Amino acid sequence: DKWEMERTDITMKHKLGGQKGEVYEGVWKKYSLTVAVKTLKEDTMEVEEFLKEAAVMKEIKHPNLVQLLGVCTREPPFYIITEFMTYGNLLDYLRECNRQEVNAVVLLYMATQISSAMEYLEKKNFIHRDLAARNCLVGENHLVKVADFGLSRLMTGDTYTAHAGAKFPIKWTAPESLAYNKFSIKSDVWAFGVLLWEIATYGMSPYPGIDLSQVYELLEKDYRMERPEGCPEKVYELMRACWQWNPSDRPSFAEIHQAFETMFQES
């Protein structure tokens, strides 16, 4: 493909973290450009899987989804090269910020950006399956982008059944996923509600102190997290709409983005 790069076009500079693989800060030499590089650890994740992740990322083009720049797929070790985001993941960012700078209007701006990305995936027949603040990245001037290594192809809106034995992040996971391993764009909507709660609390852990093995049983009986201190009523109403028991009663991402755009532009 046009995406293929020579391995010697990039040089590694720093390690950022690991694992199923490692992520490096590197340099694209001809352009003197700082980039991010994801590598495949041998032998953790299967190879065809990794390569398919790259294939899918080739079709993605949106200001709030992390942009692919090139791949190395001819020989091991394999690389996926993307744009570099200066300020790391959104969870640590919220936990460590100056709240006088990162104020209410900024929180609205962040939600608007993320929902724009999800509206795009909704139109293009993709699902994410691990939406959470830990998987969003931050740049200068409160720019936010969603990481997209785990996208799956799925017509809007059919259902994907996860593999037997899979383990989920329980406090972000929709009830139909917890009980029957079923995922759709509506389970992405549920998880988005939890992400909004993360943003409103500047990165607190959800359902504090509540034993994981009882979460499902509470959701069945209509327990939901309470309205956070300082959270606007309309935003909380949006949260609660995202957490309706029946998937078809939950709003679409186009509606959610419309609502946040209006709130942002009115503030």
Side-chain angles (χ1 to χ4, degrees), residues 64-65 90-91 107 110-136 144 146-148 150-163 166-201 203-208 210-228 231-232 234-260:
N64 302 111
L65 285 155
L90 181 66
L91 184 60
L107 300 188
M110 294 177 163
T112 304
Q113 292 177 85
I114 297 163
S115 68
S116 184
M118 294 312 105
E119 178 186 11
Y120 176 84
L121 296 182
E122 181 175 80
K123 291 186 202 313
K124 295 297 183 178
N125 300 308
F126 293 111
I127 58 178
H128 190 285
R129 303 180 309 168
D130 195 11
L131 194 57
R134 55 178 180 272
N135 290 327
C136 300
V144 180
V146 185
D148 60 346
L151 299 180
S152 308
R153 300 185 198 274
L154 183 67
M155 295 300 105
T156 318
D158 294 343
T159 297
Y160 151 86
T161 301
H163 66 281
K167 300 179 183 178
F168 310 136
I170 294 182
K171 291 184 172 181
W172 286 259
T173 303
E176 65 272 12
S177 304
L178 291 174
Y180 310 106
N181 280 17
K182 292 181 181 307
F183 289 84
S184 76
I185 193 69
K186 296 305 187 182
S187 40
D188 276 347
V189 173
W190 182 287
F192 178 84
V194 183
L195 172 50
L196 283 179
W197 193 93
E198 289 187 277
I199 292 172
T201 56
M204 282 180 45
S205 298
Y207 307 90
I210 295 178
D211 171 34
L212 292 175
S213 61
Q214 298 186 65
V215 172
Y216 180 76
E217 279 151 342
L218 284 170
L219 296 176
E220 280 188 314
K221 296 181 185 59
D222 199 43
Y223 181 83
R224 301 295 189 269
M225 282 185 288
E226 66 173 335
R227 180 188 176 196
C231 181
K234 298 143 300 303
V235 176
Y236 186 60
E237 289 179 17
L238 268 171
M239 285 189 205
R240 292 297 295 259
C242 287
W243 299 332
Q244 290 279 350
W245 179 264
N246 192 4
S248 59
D249 292 336
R250 304 169 198 155
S252 68
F253 278 115
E255 298 168 333
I256 295 177
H257 174 253
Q258 184 61 254
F260 275 106

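Note that the numbering runs from 1 along the sequence shown for the chain. In what follows, every heavy atom counts, from backbone to side chain, and hydrogens, waters and symmetry copies are set aside.
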Could you check whether any side-chain N or O of [X] sits under 3.5 Å from a backbone N or O of [Y], counting only pairs where one atom can act as donor and the other as acceptor?
{"X": "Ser116", "Y": "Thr112", "result": "no"}
{"X": "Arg224", "Y": "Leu219", "result": "yes"}
{"X": "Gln113", "Y": "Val144", "result": "yes"}
{"X": "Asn135", "Y": "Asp130", "result": "yes"}

Atom [atom1] of [X] and atom [atom2] of [Y]: how far apart are they, to the nearest 0.5 Å?
{"X": "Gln214", "Y": "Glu220", "atom1": "CD", "atom2": "CD", "value": "12.5 Å"}
{"X": "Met155", "Y": "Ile127", "atom1": "CE", "atom2": "CD1", "value": "11.0 Å"}
{"X": "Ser213", "Y": "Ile170", "atom1": "OG", "atom2": "CD1", "value": "8.0 Å"}
{"X": "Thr161", "Y": "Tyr180", "atom1": "OG1", "atom2": "OH", "value": "12.5 Å"}
{"X": "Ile185", "Y": "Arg250", "atom1": "CD1", "atom2": "CZ", "value": "11.5 Å"}
{"X": "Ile114", "Y": "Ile199", "atom1": "CD1", "atom2": "CD1", "value": "4.0 Å"}

Taking side chain as C-beta onward, heavy atoms only, is [X] less than 4.5 Å from [Y]?
{"X": "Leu121", "Y": "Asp148", "answer": "no"}
{"X": "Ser152", "Y": "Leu154", "answer": "no"}
{"X": "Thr159", "Y": "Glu176", "answer": "no"}

* Could you check whether the rings of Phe260 and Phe192 sit parallel, tilted or perpendicular, using 30° and 60° as the cut-offs? =>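 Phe260 vs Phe192 ring planes: perpendicular.
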How far apart are the closest heavy atoms of [X] and [Y], and which atoms are they?
{"X": "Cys242", "Y": "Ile256", "answer": "SG-CD1, 4.0 Å"}
{"X": "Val146", "Y": "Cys136", "answer": "CG2-SG, 4.4 Å"}
{"X": "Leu65", "Y": "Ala117", "answer": "CG-CB, 4.0 Å"}
{"X": "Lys171", "Y": "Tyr207", "answer": "NZ-O, 2.9 Å"}

* To do: Determine, for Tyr160 and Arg129, whether the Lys NZ or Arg CZ falls below 6.0 Å from the six-membered ring centre while staying within 45 degrees of the axis.
  => yes
* Asked: Quick one: side chain to side chain donor-acceptor pair (under 3.5 Å) pairs with a partner in residues 181-198, sequence neighbours left out?
  ->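 Residue pairs passing side chain to side chain donor-acceptor pair (under 3.5 Å), neighbours aside: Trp172-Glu198.
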* Does anything in residues 119-128 pair up under side chain to side chain donor-acceptor pair (under 3.5 Å), and if so which pairs, sequence neighbours excluded? -> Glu119-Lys123, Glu119-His257, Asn125-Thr156
* For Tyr216, does the OH atom sit with more than 12 other heavy atoms under 6.0 Å from it, leaving out its own atoms? -> yes
